[PDB]
Each structure stands twice: as structure tokens, then as C-alpha cells.
Amino acid sequence: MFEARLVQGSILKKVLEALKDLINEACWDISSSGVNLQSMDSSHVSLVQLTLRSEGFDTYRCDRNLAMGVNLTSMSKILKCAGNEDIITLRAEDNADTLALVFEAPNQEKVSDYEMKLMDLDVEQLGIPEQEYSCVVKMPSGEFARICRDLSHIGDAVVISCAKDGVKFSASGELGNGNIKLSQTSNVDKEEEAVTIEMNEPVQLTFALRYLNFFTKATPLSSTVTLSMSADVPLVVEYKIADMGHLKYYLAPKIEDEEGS
Amino acid sequence: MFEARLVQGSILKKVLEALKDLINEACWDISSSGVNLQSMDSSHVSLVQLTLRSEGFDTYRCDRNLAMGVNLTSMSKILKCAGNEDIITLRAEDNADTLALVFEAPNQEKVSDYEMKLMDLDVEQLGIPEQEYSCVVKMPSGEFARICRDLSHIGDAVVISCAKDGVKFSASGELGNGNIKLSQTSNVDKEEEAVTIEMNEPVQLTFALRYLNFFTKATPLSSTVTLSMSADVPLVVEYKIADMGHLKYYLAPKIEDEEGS
Amino acid sequence: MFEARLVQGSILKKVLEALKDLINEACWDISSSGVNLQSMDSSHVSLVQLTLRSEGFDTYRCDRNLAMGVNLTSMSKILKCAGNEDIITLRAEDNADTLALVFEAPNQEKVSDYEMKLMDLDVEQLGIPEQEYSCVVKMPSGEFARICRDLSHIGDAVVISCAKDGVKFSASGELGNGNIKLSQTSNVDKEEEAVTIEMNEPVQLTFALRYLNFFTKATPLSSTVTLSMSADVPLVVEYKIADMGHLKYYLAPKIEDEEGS
Amino acid sequence: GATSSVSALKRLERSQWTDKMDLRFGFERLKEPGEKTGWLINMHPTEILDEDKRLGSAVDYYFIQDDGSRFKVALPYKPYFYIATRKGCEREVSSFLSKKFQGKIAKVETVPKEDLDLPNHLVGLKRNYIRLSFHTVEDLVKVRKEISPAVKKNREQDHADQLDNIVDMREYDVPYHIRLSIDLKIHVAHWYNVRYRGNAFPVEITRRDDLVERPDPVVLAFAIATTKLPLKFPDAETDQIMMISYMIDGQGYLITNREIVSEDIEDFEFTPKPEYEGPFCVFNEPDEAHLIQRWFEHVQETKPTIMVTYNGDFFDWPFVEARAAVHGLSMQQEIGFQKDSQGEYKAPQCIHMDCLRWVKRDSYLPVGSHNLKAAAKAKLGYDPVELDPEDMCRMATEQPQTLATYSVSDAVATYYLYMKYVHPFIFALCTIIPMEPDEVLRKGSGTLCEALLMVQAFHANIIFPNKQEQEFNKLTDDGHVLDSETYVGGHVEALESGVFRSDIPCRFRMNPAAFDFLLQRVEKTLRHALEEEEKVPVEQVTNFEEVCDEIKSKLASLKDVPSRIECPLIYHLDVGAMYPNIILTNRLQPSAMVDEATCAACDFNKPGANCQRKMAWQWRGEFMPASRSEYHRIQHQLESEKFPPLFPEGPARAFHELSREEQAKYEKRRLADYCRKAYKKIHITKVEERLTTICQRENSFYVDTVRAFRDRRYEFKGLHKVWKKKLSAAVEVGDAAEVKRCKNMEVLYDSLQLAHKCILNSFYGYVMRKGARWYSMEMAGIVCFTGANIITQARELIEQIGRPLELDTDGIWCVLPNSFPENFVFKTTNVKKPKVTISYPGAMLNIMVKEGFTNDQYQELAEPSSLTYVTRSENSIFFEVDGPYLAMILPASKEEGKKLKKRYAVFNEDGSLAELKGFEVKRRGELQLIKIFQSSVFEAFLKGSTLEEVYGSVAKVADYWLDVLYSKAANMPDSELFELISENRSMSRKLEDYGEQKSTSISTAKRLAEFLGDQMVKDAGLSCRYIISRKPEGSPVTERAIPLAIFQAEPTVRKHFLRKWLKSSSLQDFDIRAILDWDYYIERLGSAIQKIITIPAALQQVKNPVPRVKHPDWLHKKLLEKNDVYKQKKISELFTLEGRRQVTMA
DNA sequence: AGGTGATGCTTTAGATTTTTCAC
DNA sequence: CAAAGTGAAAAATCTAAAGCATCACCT
Ligand SMILES: Cc1cn([C@H]2C[C@H](O)[C@@H](COP(=O)(O)OP(=O)(O)OP(=O)(O)O)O2)c(=O)[nH]c1=O
Ligand code: SF4
Ligand SMILES: [Mg+2]
């Protein structure tokens, strides 16, 4: 059976709060390397990947491989009834349609156990290729959530352009346009505060800002977020959840189609 | 003649905010032994007993037993004008057309007398018995409010069960089946975060969850809530105030028609 | 060619949060001495006056008093993107159809350039003369946030009677007659809790309280609210924005017209 | 005893007064013996005394002879009902009921009848009931009230011995009038021979069929016009009646007052049409008492046997009766006219016809065109255009010229509306419906259908099933309490939205498989449309293939290009009476609605029994979320609690003393409050699919009744069709002297078939009314679901060729290609039908119907009492084709995934309005701005050779009216402003039944009440016209609803009412434009423009016709996504798909 | 000045009511 | 006592579920 035990139970809540707003029905999986999920949205625009490694948990029990088609529109309502600092226990049986969630208080007294019914799902699994990204930016996650929530009031088309001066998040709309520049840190020694950039060639891509708002509900999950992009390649929104795992958000861009030529 | 006065004037505001949503009209029953409230909700399945002791007031002087026709929604939205620390004084005549309640600041900077129009209705008095209870549980208010607001997301009927292992709050619905388990808390002895039980028979009943949500608006009344429950007796949600008696919510349990009957 | 800079970013945010629900579109008449703003209501009842001089600005550079037709809902959407302590810089060129709202982080790690679009319109102003106001009531705004929105819960048409003992606002409604009274009370002469009534003549003036709730959104903007009134003169509710500026409202007085006249 | 003797004395006084009233107005008794021939006009149940000194009732039949003489015959019959009995013990119960009612019954006999609800009732098995015949109708009422608690007690019992064995009395609610018309076949508007041979022999009546023509009865059309207090409801306690105008058989007589009327009124001639003429001659009596006296003498002289008016039961007769009771002379004691128990006024000597009781039921008119002044337009084809309604009416009423004009107007219209549409149709009804013309005109359409089925059941010797009652608190199978039980009715979808003209080319996406199967279906389509449509060219067609080869060539030549831009053919494929024809195809009777246990009880449940039709329907139920245990708990707690007394200072009422209606009204509110407080919801809507069988072996009285009425309607429709073809022949040639004759005759037959259509559709509606003898849960839902299946299969067939546009539960509105085949003429050697025109789309739709929707279970008894139940295959569900229309305009909704259903505009080929259905133009009241916009904006939809130019013309009309609504009063006067922004709303109920409920109509009724008295609101049908104000800003719409009756009075009595509800006592402006909510009216017109023009233009790929009206946010988002050059890609397109895996349960 | 949970003020999504057309 | 169905627009009000701006302790 699948048994997981996580001490800092806040991360799981934020993981689900980051996945409630975007995916109505996702697909989960368990292997020996850890718990991984991979599913898309209804409009086939964003692919979502979350991998939690095995040794990051407090204790991990893996027997076989199970594919779990849980609805994520209802998981963080049976999981919203948890405190942040409580221990989270997940139990999934081998051949049963019940998923068991147990939360334990730090005073070892208040124990909340729940069962959730499971159902079938038909989701296209997509293989992830490895691509050498021409740009990598490592930004604090609060600033990236602030930047997407601030540009969301302007328009829905977001232009992510990085040149040698810095990174530009540009948006335009009926009330005007807004382009915000971020510069590289030089005298900041903190890992969670400094912003670093890696360059091969300056990139100019265009995305959907509503999906960037749906991505950034993982904001206090990690204090930093890594965005890597390349030409005609979907952008990645990598949230490095401590040493526990990582959360990747794949975003299909908007390039100009040469309709005349 | 009616004159009353209490320094800790937030208690009236808390009990009226707790009684605003459930009951629409009430009857203020006056005596030298104790001041009684006895009202029924609009669906006529919940009974309310609010008792305020005479000696708990700083100054009290009443000459006879009087009845008062009052709607508690107007009384609650006229009592919410007071602060959290102002001194309340209550005043009335024998058969006046107004209820006089005055709020004075501790530094006398804001003296505020409110006159409202009463409504004369039929004053019905039903003497309920204080029957001995099989199970009582002295547990904090915020924890019970958390239990109700967490079980409201998963279901609409709460199966409250208690035994030697402690107390249990279960639910079911379209999301799944969940339960919250609390033990005896005999390892620690705290003055506010203590869950102490007293049982003669392990009895379980089913109740209405939105009614429990209306009941637990009396969370700032006290840090200790006494739930009293027995077989074929309504649940008593007793909030004990210091030297001011108690406020009890009575809820009829769902004793459903048995299939074997 | 016109620019201005503020280290304080919360002042413009709070002056847009307190003005969006009153006026939909208004013209900003920013002069060389500072930011002046007269604003008529959408329902043509009130006039709002702002006077923000250049002494609190970081750098000020204005040449001509230009009138910019900024839509308040769109600007409050865009000024939401500014931080609480972030540096706000607004820039306008000679032939700029747009308004360049630039936000700087206090860490000097970001530049947040927003071009908001403007349309051109012409209105007329009439000004206001200087009178001698009889009753000036300086009073803490945090208590007006508990007085006005709780007096509006019991009655719309309220009167303001003033005397040497103090000022009484009398709430006439369906619920009853609601009297609050505030005196001088200089026993503990605190700096911010100083209810001072500058009394010249006793005036009774009637006002509406949904409308008086609509100016009271500026309570986090200031620390105390002073209001001055006289015999058949429009009321001026005023707020003090630190040492930056003041925010005034012109309420036309409501007179209960007699049937015999 | 003594009180019973004086009651009989009062009844004998009533009878002698009635016969004296009859003898005053003609109508002599048949005291002389002999034989007389008479045309039956009137019937009423009155009492009579026979030779045995017994007071019994006798329906006084009134007849009109050919020479003009009239007479009255009272046929004595004994009123009755039927009683049931548990077993064969019938003599003892009869003796027990005879030995204690010896002075109050007449005779008891055992009656064999057939009832539809018996198991095994088709083998020749009858159930024998018992007649109990009494003497008077009052005897019938008293014995019915005495024995009626035994009905409820013996029904409730389910587990003086000869008294409790009775099961259930039958046919007690049937009137004695209706019963005596049914029993001896004495129907109105027939010719009879009346033979009297003394008082000992009863009077004998026989039908006479050799005479077929109708006589000319004296028809009176009076209507009054009274002055009043200014802008008040009609009350007779203020002043008197000015004028009564009344016609005598196409000759109008008017009597006027003179002491208040200024000018001595002279004579004139009214010529609305050559058909409608009144040769007037006026009288000028001086006093109002003499006015009513001259009216009494002229009615007594003329002796009218039919008397018609405008709103006699509501305004006119109460006014004249109150005036008569004031002046002393009694309306009853003069002309028979007293208010009866229902508020209708029925003389014993005459006929009363309110034209509104025909218009509001049978005319199929909008309620906004229900008065006489607008039903004249819709029936007589003329408009009274007299004067302005304000200046010459409200203060210039002293002008007797104008007053007499209006008086003659309110009389010619009601007279000729009667003679042309109400007289022949109502007496053609009365020939089969067993009721007097007052009852035929006044009863509901369901009661008319019940009466027709009652004649057919008595002719088939079928006992009348008992009038069911509305069950309260019905329970769902799981246990929920049903708020309402419904079926899923007709299937309405609006598929496309926009203007589809036949001159603009539109894109078709037909698949070639449709034409591939149509190529082999052509021979069947033309054979079916030549056989089943017209029976005469069955095989006599000469050029059967000489047009069929051209049809196949035309159908297959443009099959090679399936995708094609071409002009369309706007075709209405409408079914003719689809609800009656589905009933007539499937033998759908409410008696025939049968279940499995009742079929198993039958003896004809053969293994090869071809006698069950298992068509399905969609049940629908809204129920409370509270369960059965909660229902039992709240019922017990309501039983414990004591109720307030009904009587003032009376004894307290328990649960078992209250009635079921009071208990249900208590339990509904007390459970709905518990549901809202404990379940977040009150009504849970569930749609369920269920199928039940139809017994095809059953008695076909319902099928025969609907077939007889459909044959009557189709006789009138065939007359309408041949006159429409005559009009089509008389058009496109020069004008002649018969074109107007053809037009008026086809209008009369269209009205006649609509008036018969109302009863024919009420045959379907009758199985779903409370108090129905033939109620059926299943039947009406089955017929609706079958019609839904028919129209959705027609949509499936059309969508493979062209584009279906508006699906209702009528037919398909669609566009077909121009190269599709069309109306072609087929020659035939028969002299009767040399040429037959047949359209192709109706033909292939009829072949789809013949292949799928035909009925091979049509067991019909060819010879009765021989079990020769032969089976046929009759369809009769035909898709009539309306012609290729010029255009069709459909609107669109303001939200995603929704469309405006039941709403479109269709124009005929000459640019005229063919159909304008569902809009707010024809609706009663509404905004006249919306009415003017929707009536003027569709004439511009025919202007333009392309969609952009068409939408530009429509935008020009819309922008013009928006520029008016924005920059109002540039040159536009205040009077037409006042009559432009008015909104009229009417309530069915009283204002005191609208307590604690907030609405604009309720608020302006309360405003009118506290303005000018409650006597406007104590009566129902209040018409309140108002505006929505804005001066208390922040208040809702209900608190700003303000009537228009406060901008007409004096300033001293209007400034207070201006300052009260505007929440502004310091206001001074008297203009309406300051008070008016400009933003509300801008939003209303903008929503109308968005529904009609701009959103359909976005769906037909036009940018924006009206730039002033903005788009909804979803449409703006879709337009911005389509406009920009950037595009959304997919992860599935960018990254390679690994493969679609399946994740199952664990 | 940063970390958790309530607590109240707008905003929007449906639910429900009532005329009055369609079928 | 008499009273033909259901579907649907159109608007107007009534509720509750969220979105989002401030308070109950610790350096
Ligand atoms: C108008 C109307 C229709 N209906 C139902 C019955 C009809 O079969 C169906 C459509 O009626 P209609 O198409 O309006 O008329 P019809 O089909 O009976 O005859 P025709 O088309 O030749 O004019 O709607 C009613 O039940 N009641 C009504 O008042
Ligand atoms: S349908 Fe057939 S089996 Fe059923 S009752 Fe009729 S004849 Fe008998
Ligand atoms: Mg039809």
C-alpha cells in the first residue's frame, strides 16, 4: 500500500491550493523514486508536473505502482480542514477505491482521519523532453506572484523578454500597458532574496497571464522560483520545495504566425 | 422601574451577536431569582435559554416580575455599536414603549444612550426541565468552531459519538467520509485548552450541521463550552459566563424512523 | 515634462481606495505648488477637495497646471500594483497621451513602469469661499469607523445637535431613536484620543448615513477626523494625512421641510 | 315543516315571477295543445308544479319560430346522480334509501354502464350503477350535502348496514341544465318540434333535420359611458350614466341625458365598412331616471333574446344595477337581471354574451389586444380612430358630439364582433356542446372539452369518471416532499442567430451521404406525397417519372459540390395540429394510459398481443431536500402545537380540526424555512425518464371526440385553404370586386379554425387540470415528448442538408439550398384534380415520419360486439410547408452557451410581416420604448444586398433611437415623452395577497393606494403604469417605482407626493426628466439592442453595428482573441504526445 | 518590520417570482 | 365554486460563496 508521512504539513496544503485553481481533474502516480503527478488542463494549454522524492518525507513506504485519478477540485476541501504545523499521513490501498488522509496534532491529541472515494480518469500522459534553456532566471516567489498579480489587472497577454540589461515582464490591455524590469543582484548574499540570471541568447516569448496567476498559488511553498525559457519551448515555473521535491508548471507560449508568408 | 449596570459590557454584545442569526423574536423574563430568556427559532426546531444572574450586575433594582417583547435582530444590530470594554447600563419603566440601554466609556469620553421601539407580541413561557445528562464535555470554544467549520465543507449531518477513548465528530457527503477524534487530555492540566469529559453511558446521536454553525457564534462568550447530550434528549450547548449564569442552545436530535420498527 | 516622486507609497493607495466608490471619473489638476483636486460626485450631491503640496515629495518638477482625466477605478487597479512602502514616481511628457506610473522597490532592485491611458475632457469649477464654522469636532477616526457604520445600521436620516456639553448625533429610523453623545473629557489628555469640540453656536443639522458611511473609508489614511459645521452651511468632514495633506468633503445640508411652508 | 313549506312557497313565487317575466318579453307558455316548430335559443333550470301538487324543476326551453314569434316550454325532468355499490346487493340499499327519503326522491332503478377504469372491461363486462332521481335542484343540493360526508368517510375507510355499503356517488357535480341537455339531445341552435297534449302527458321534443338555416334573433348590443371623478376606478355612487347605445338587428338606437349633456344630440350615420352598418335614430330624454325608463320600455318593446355588451359581469351591469337600486326600480323585477352566485348576471328570459369571455379564451389574441378597441383590429379589420385620448376626453367631455361618437363606437364593434365571430362560432359550438350560450361563452376551455367528452361518453354509454381533487404534499419514491410535479414539455432550441435573407448567399456544409440516400429515397418521397396527401391521384398520374428524373438530376447534379456558398430557401416545415394528430395516431386517451398490473389484469395479454404502445416521456419533479423522517418530525411537532382559533374569541383549534389546505399551507412554509436553514436549498429539480403503455383495445370515445373536433376544424381549415388559394389566384392580376370578399372570408375562416383550435388543444390540456374527470399524469408528457422526438429528428435530417434555425415544438425553421428541389406541379388525368402541387422538403420529412413515427398498433373495432379488432397504419402527422419566406431574423443571448428561444421575426415575400413571435411588441404593457424599437428595427433588416449593409441599416435605426434616448427633447414634446416611457403592468391577484413581497408593480400599487384611496387596490386586475425613478440614489428599483398619476394633478396636491417617495422634501423640480432614471432606460434599450443586433452580428462575423452599445466581457474576450495575430498553442502540439493512457479504479 | 487563524465590506453566481408571450 | 397544459424571456429581489482589506500573540 501507499503510505506517506510528512512533518511540515503546510507544504501539502499549498501544493493543493496551487492545483485547485487550475486543474479540475488531475492524475497522480507512485513509483520507487517518489510521488509524481502529470496532467493538463481542459483547454490543453498548461501541463503540470509535481515530483516529491522518497527520502524527503519523514518516512516512506512503497510497495508497487498505482495510478491515481483524484479530482483536485475536492482534495483541498477535505485537506483544507488541516492546520499547517500538523503531521500529514496519506494512505492509499492497493485494490480499494478509498484514499485515507490522517492529520495528527503536535500535542498528539487531535487526530482527524478522512476517507475519499476514487474514480476513473482519461488523461493524456505526455513525455517530458530535456531541453537546454537559453534563459534561466531564479527569482523570489513572492516577487513573481506579485508581478503576475500586478500585471493581471492590465491584460491577459504577458510578454516575458530578457535582454542583457535584465528581465522584462510586459503586459498590455485596454487601459494601457505595463512593463516591469528586474535587475541582477550584486551585493546580496541571501539565497532566498537574491535574483540570478543565466543567458545564452536573448528571448522574447508571449504567454497567457491568467495561467501565470493560476501558477503562482504556490507562493509560500518556496521562497524562490526558477523560470527557464527558450524559443518555441514552453516556459517552466519550477518551485523548489526545500529538499522535499519540486513543482513544475509548463506553459504553452504565443508566437506570431506568419500568415502572410 | 428597571435599572441595571454591568462593567464588562461586551458580554451582552457577544450573546446578542450569537443570538442574532438563529432567533428573530424573544421575551425578556425578569425576576429576583434570575433573568430568563426563552425563545424559539423561525423553523421551531431550536430552543434558546439565556440566563443572566441578578447579582452579576453591579447595580440592580427591580420591583416586580415583568415581561418584555423584543426582536433580537434589531437588538443585536443596535448593541453592536458598543465597543469591547464600555460599561453598559440598562433602563426601562414598567410598561414603557422604549428600552433604554446606555454605553459609557471607561474614561467617560463616550456616553451613548440608545432608545428603540419595542413590539408587543404574545409572551409564551414553556418550562423545560433541567434533566440529568449522560455525557458532558468541557472543551474550548475555538476548537468546536473549528470542528463545525471543518465538517461543514464535507457534509451536512454530524454523527457525534463519545466513549472511553474520548469524543468523535463524524460526517459524510459527496466528497467523502471524515472524522475528528479527541482523547481524554488527562496528561496535561490547562485552564483553557483542556477537554474534560464525564460519561455514564457511551451514546451517539446525529445532528444538523448548519444549526451547529449557528450555535457556535458564541465563541467569544467563554473559553469553555459544555456540550450536554443524552439519548432522546436535545443537545445542550451551554456557555458558562463568570457570575452571569449560562446560555444554552437546545437542538432536537435526528431520531430517525427505524427500519426495524 | 512633469515628474514627481514619493517615498511614501501607501498615501496614494489609501487615497485611491477611499475615493473609488464615490467618484468614477475625475480630472486631476496638478499644479506647480502641488496636487490639487476638486471632484464632483457621480450623483451630483457632494464635492471632494484634495490639497497635496510639494513639501512631502522627494523631487518635484512641474511647469504648467495640467488637467489629466484619470479614471478612478482603472487607476485604483493600477495603484494597487504599487507597494505599501514602495517608491511611486509619476511622469508625463509634453505629447504623452499616457501616464507613466513608475514604482520602485525600497531595495532598489525593481523598476515597475506602468503606462496608463488617458482621455481628454473639459469641465468647470466654481470654488468655495471661507466662512466661520461654529462647531469643530476633532475626534479619533478609528472610533468613527465604529460610530457611523453602526448608526447607519439603525437609521438613515440622522441629525447633529451641538452644545457646550458636547455634540449629539441622533439616529431616527425604523429601529428607534439612536443617541450618541461625546463631550470634551480632558481628564486624560491623550494626543490622538482628544475629543475636542470648538463650540461657537448651537446648530441642528440633518444628514444621511449611507453617504456619511461613504466618506469614512479613509480611516486608515488619517489618525483623527475633524469636522466643522455652522448654521445652514455645508458640512466639511476633514482628515489629516500625516504632514502630507488634507482630505475634505462638501456635504450639502438636508433640511426637513415643513408641510406648512 | 313550517320552514320547508315557506321555502316551497318562495320557490313557487320564484317560478310564477319567472313565467310572468317570460310572458312580458314574448315567450308564451304552450298552454294550447298542438304541434309547434321552434328553434332552441335558451335554457334555464326553473321550478314547476305538476298535476300531483309536487314542486319539481323543469328546464324552460325557449324557441324562436320562423315568423318571429317565440314561446317557452318547460320540460319536466327529474334531476339525478349515480351511486356505486360494493357487490350485487342492490335492492336492500335502494329500499333503505327509499324508506327514509320518501318525500324527497322519486324513483330508484339499477343502471348498467361501462367505466374505463375497470380491469377486464373490454370482454363485454359492465358495472351496474343506481339512478337516484329527486324532484328539484334544491332537493339535489340538499341530499348531496347530506350524503357527501359519507363519500369522504367511505373513501378513507380501506381495510344501517344498507347505508355504508355504497362506494362512491358519481355525476353529482354535473348541473341539471347540462344533464338535461345531454340526456335528450336537446342542443341549442337546432330546429325542434314541440308537442303538448295536456298537463297529464309530458311535452315531447323531436329533432328536426330538414331545416338547416338559422333564424335572425333579436340581438342587443348596449354599452354605457359614464362621467366620474377624475382618474378613478368605476364606482356608481358618485354620478350617473351619460349614454347607452344599443342596436336592434343592424339598427342602432341611442338614448342620451339632457340635464348634464350640453348639446341636444342630433343624428348621424356610422360607416366603418360596407359590411358593418348602423342606421341610427337618437332620443333626447331629459332625466336619468327617464333614461333608464326609456331603456326599460325599449327593451320590453323589442324583446331581445340575445343581449351582448363589453364587460357586463365586471363594469356595465353592476353600474346600471346600482343606479337602478338607487333610483328605486328593480333591475330584476324589470328585466330578469340579477347578480348570480358567480358574479355573472343571468336573466331567466334572455342571453348574456360578454365579448371578452370569447376574446380572452378563444380568439388566441395577446392580452395586450384583449379589449374591444384592439380586438376590432384583429377581427373586424378596422380601427376606431376618433380623437386624441387626453385633450378632447379628460377635460373636454362636456362636448356631446364627441361623447355620442364614442358611445356609437362602443356598440357597433360589439354588435358586429358578435354577429361575425361570436354568433356563428358560439352557436356552432352549442350544436354539440350541451350548454346554453352564456355557459358556453363563460366556462373554461377545459370545461368545454369536458362537456364534449361528456356527450360522447353518454352516447357510448360510459359513466362519467369522478372529478379528482388536488392532492397536497405528494411524496417522491425516496421520500422527498414534492413542491410541483411536471413533465418535460416541448423541445425548443434556437440554433442560429442572425438575419437569413433568401437574396444573400450563405454557406452550406452538407455531407454527400445525405444526397446519396436521398437519391434512392426520391421515388418513395414522391409516391408518399402523391398518395397520402391527396387520395385522388393514387396511381392516375401521367408524368410520374417525367418530373422525377428531373428531381433526381437536380438533386445529384450539385451533389458534386457539397460545400457551397449560395442563396438559401427559408422554409417553415410546420406540423398541422401535432398534439391532436399524435393523439389520433397513437390512440392516446387518458383512459388508455395503462400500466403493467392493469394490462396483466386484462384477458387479452397475448404473447403476440399487438395492443401496447410503449412510447416514453420525461417526468420532472421539484422536491424539498428534507427527508421523510424530517417530514414526520415536523408533522408531529405541528400536531402537538395548538393553532389560533378561526372564530374571533373562539375555541382553540387542534391539528385534526383544521382542513387539509390549511395544514398544507402551514407545513409548506414551516418546512421551507427548515430547508433553507438546514440544507442551503429549498427546491431540487430532477428530470426522470419513464415509459408507460397505451391500451389500444380500449373504448375510443376520446379519440372519436378529438377526431370529430379535428374534422370540424379541418373543414374550416380546408375552407380557409381554398379561399387562400382563391386569393393567390386573384393576386398578381388586376383588382376586381371579389378580392376584399376573399380576404375577409379567409380572415373569418382563419379565426374560425383558431377558435376551434383552442378547444382542440384544450383536449390535450384537459388531462392536466385540477378537477378533471379524465386527468392523466402520463398522457400529456407522452405527447410532448413525441413531438420533441419528431422535431429533433427533423432537425437531424435537415442539418445534413442545410441549417435548421429555430426549433420550437411546432416545426423546423430552416434554410435549404437554392438548388434543392421545390414546389413542382404534377399532372393527373382525373377531371376533379388535373394538377397537384407538391413540395419536396415536406415530402422527405413526411417520408421520415412514415418510416419511423408511423403507428402499426392501431387496434380499431370495425364491428362492435364482435371482437373484430383490426389493425391499421394511419399516420396523419404531416409537415405542412409554408412558402419560401423573404427573411428570418433571430436574436441572441447576452451570456455564453445560451440563446433566446421562442422569439424571431419572419417576413413574407412582398416585404410584409409574416410572423413576429415572442417579442415585447405584442406583450401587454412592457416598455413602449422597447415596443417601438422592436417594431421599427425589423423593417430595415430587409434592406441590403449583404449582411454588413443589412446590419448597418439596422444599426442606423437603433442609433437614431439611442440618440433620441440620450439627447432627449431636442424637438420631442413632453406629451409623447410621457406616453413613450410608460410601462404598464397588471396583476392577477389582490394587493393584500401581495403582502411582504417587493416588486415594482406592488410598490406602485401601494403608492396609488396611499395616493388616492385603497378602493383602487381592493379589486383584482389592477393596471398600474409607472416609471423607475432615480432621486433616492442607492435605493433599489422597487423603492423607486413611482406611478404616472402624480404628474397630472394640481401642484398643491402633487408636490407632497413628489417629495415623499423621492426621499427629498427639499426638491422643487416638476419635470419628469429629472425624476427619470436615464441610466436604467439606457441599459434597457442597450440590452434590447445587444439581443437583437450586436451579439448576432458577432455570431455572423460582423465587427459591431452599434458602437454606442458595448459588448459583454466574454464576447469582447473572444473578439480580442480572434483579432490579434498571436495565437494559443497547445502542449500536445508542442511536446510530443506519449500516448492516451487510461487510469481506472484501484 | 516580518509569521498563523478570524472578521467584516463589496462582488458576483445562481434561485425564486410574476406577466405574458410562445408552442 | 369554477379553473386546458408546459417553455421561456425579462426583470427584480433574495440569498450565499468567494475576494480582499484589517486584528488575537512573538523578536
Ligand atoms: C397555441 C397552443 C398550442 N398548443 C399545442 C398544441 C398544438 O398541437 C401545438 C402547436 O399548435 P399550433 O402550431 O399553434 O396550431 P396547430 O398545430 O394545432 O394547428 P396549425 O399549425 O395548423 O395552426 O401546440 C397548446 O397546447 N395550446 C395552445 O394554446
Ligand atoms: S393493452 Fe392489451 S393486455 Fe393491456 S389491458 Fe389493453 S388489451 Fe389488455
Ligand atoms: Mg403547427
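Here the residue numbering is sequential from 1 along each chain as its sequence is written and may not follow the entry numbering; residues with no coordinates are omitted from view. Chains carry letters and ligands carry numbers; both start at the beginning, A for chains and 1 for ligands, and go up in the order they are written. Calculated side-chain values reflect all of the structure's heavy atoms, with hydrogen atoms and water omitted.

- The deposited coordinates derive from cryo-EM, with the record listing a resolution of 2.95 Å.

**Let's talk about the packing of helix α13 (residues 445–459) of chain D against helix α20 (residues 701–730) of chain D**
The axes of two packed helices give the description: the angle between them and the distance between them.
Residue and element names in this part refer to chain D.
Line of reasoning, step 1. Only the stretch in contact is used when fitting a helix axis, every axis being a line fitted to C-alpha atoms; angles between N-to-C directions are given from 0 to 180 degrees. Note on conventions: DSSP H or I runs of at least 4 residues are helices, E runs of at least 2 residues are strands, and numbering of each starts at the N terminus. Running from N to C, α13 and α20 point in directions that differ by 125°, and their axes come no closer than 9 Å. Between α13 and α20, the angle falls in the class oblique. Pair α13 / α20 crosses with right-handed handedness. Here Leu452, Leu453, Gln456 and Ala457 of α13 lie close against α20, whose contacting residues are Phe701, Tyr702, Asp704, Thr705, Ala708 and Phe709.
Line of reasoning, step 2. For this classification, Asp, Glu, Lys and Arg are treated as charged, while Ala, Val, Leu, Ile, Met, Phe, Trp, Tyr, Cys and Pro are nonpolar and the rest, including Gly, are polar. Broken down by class, the residue content of the contact of α13 with α20 amounts to seven nonpolar, two polar and one charged. Orientation is classified from the angle alone, with under 35 degrees giving roughly parallel, over 145 giving roughly antiparallel, 65 to 115 giving roughly perpendicular, and any other angle giving oblique. Handedness of a helix crossing follows the sense of rotation of the near helix relative to the far helix, less than a right angle counterclockwise being left-handed and clockwise being right-handed. In what follows, a contact means two residues having at least one pair of non-hydrogen atoms within 4.5 Å.

**Topic: the site of ligand 1**
Residues and elements named next belong to chain D.
Line of reasoning, step 1. Only heavy atoms are used to decide nearness, and a residue is near a molecule or strand if one of them lies within 4 Å of it. The environment of ligand 1 is formed by 14 residues, the closest being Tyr364, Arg713, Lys717, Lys757 and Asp810.
Line of reasoning, step 2. A distance of 3.3 Å is found between an oxygen atom of ligand 1 and a side-chain nitrogen or oxygen belonging to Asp574.
Line of reasoning, step 3. We define a polar contact as two N or O atoms separated by no more than 3.5 Å, with the added condition that, inside protein, one atom must be a possible hydrogen donor and the other a possible acceptor, whereas residues neighbouring each other in sequence contribute only through side-chain atom pairs. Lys757 is positioned with one of its side-chain polar atoms (N or O) 2.9 Å from an oxygen atom of ligand 1.
Line of reasoning, step 4. Alone, ligand 1 offers 560 Å² of accessible surface; in the complex the protein occludes 74% of this.
Line of reasoning, step 5. Looking at the shell around ligand 1, the elements that each hand over two or more residues are β24 (568–575), α16 (578–586), α20 and α21 (739–765). Only the protein chains shown count as cover for residues, with accessible areas throughout obtained via the Shrake-Rupley method and a probe of 1.4 Å.

**Some remarks on the site of ligand 2**
Line of reasoning, step 1. In the vicinity of ligand 2, the contacting residues are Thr598, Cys599, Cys602, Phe604, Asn605, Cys611, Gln612, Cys695 and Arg697 of chain D.
Line of reasoning, step 2. By residue class, the composition of the shell around ligand 2 is five nonpolar, three polar and one charged.

**Structural notes on the side chain of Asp574 of chain D**
Residues and elements named next belong to chain D.
Line of reasoning, step 1. Take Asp574: it is sitting in strand β24.
Line of reasoning, step 2. It turns out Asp574 is buried and unbridged, and the closest side chain with the opposite charge, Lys717, is 6.8 Å from it.
Line of reasoning, step 3. Of the polar contacts made by the side chain of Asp574, one reaches the side chain of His572; its length is 2.6 Å.
Line of reasoning, step 4. Once residues within four sequence positions are removed from consideration, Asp574 is found in contact with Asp810, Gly811, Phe878, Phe879, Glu880 and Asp882. Between buried and exposed lies partly exposed: a residue is buried under 20% and exposed over 50% of the maximum accessible area for its type, with that area taken using a 1.4 Å probe on protein chains only. Charged residues are defined here as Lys and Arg on the positive side and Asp and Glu on the negative side; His and the ends of the chain fall outside this count. Any carboxyl oxygen of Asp or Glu within 4 Å of a side-chain nitrogen of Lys or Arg constitutes a salt bridge here.

**Focus: the pattern of salt bridges**
Residue and element names in this part refer to chain D.
Line of reasoning, step 1. Under the counting rule described, the total for this entry stands at 82 salt bridges over all chains.
Line of reasoning, step 2. Across the pair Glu439 and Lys346 runs a salt bridge whose closest N-O atoms are separated by 4.0 Å. A residue pair is termed long-range when its members are at least 10 positions apart, and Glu439 in helix α12 (residues 437–442) and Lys346 in the loop between α7 (331–335) and β18 (352–354) qualify at 93 residues.
Line of reasoning, step 3. In this structure, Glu799 engages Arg795 in a salt bridge whose closest nitrogen and oxygen atoms are separated by 3.8 Å.
Line of reasoning, step 4. The exposure class of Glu799 is partly exposed, given its relative accessible area of 40%.
Line of reasoning, step 5. One connected set of salt bridges, linked through shared partners, spans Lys152, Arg155, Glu156, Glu469 and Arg660.

**Re the nonpolar core**
Line of reasoning, step 1. The nonpolar core is taken to be a set of buried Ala, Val, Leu, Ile, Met, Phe, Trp, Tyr and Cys residues, with the residues joined through side-chain atoms within 4.5 Å. Judged by nonpolar contacts, the single largest core of 247 residues is most densely connected at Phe144, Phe169 and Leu227 of chain A, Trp28 and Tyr249 of chain B together with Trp28 and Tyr249 of chain C.
Line of reasoning, step 2. Residues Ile205, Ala411, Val422 and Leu588 of chain D belong to the second largest nonpolar core, which totals 191 residues.

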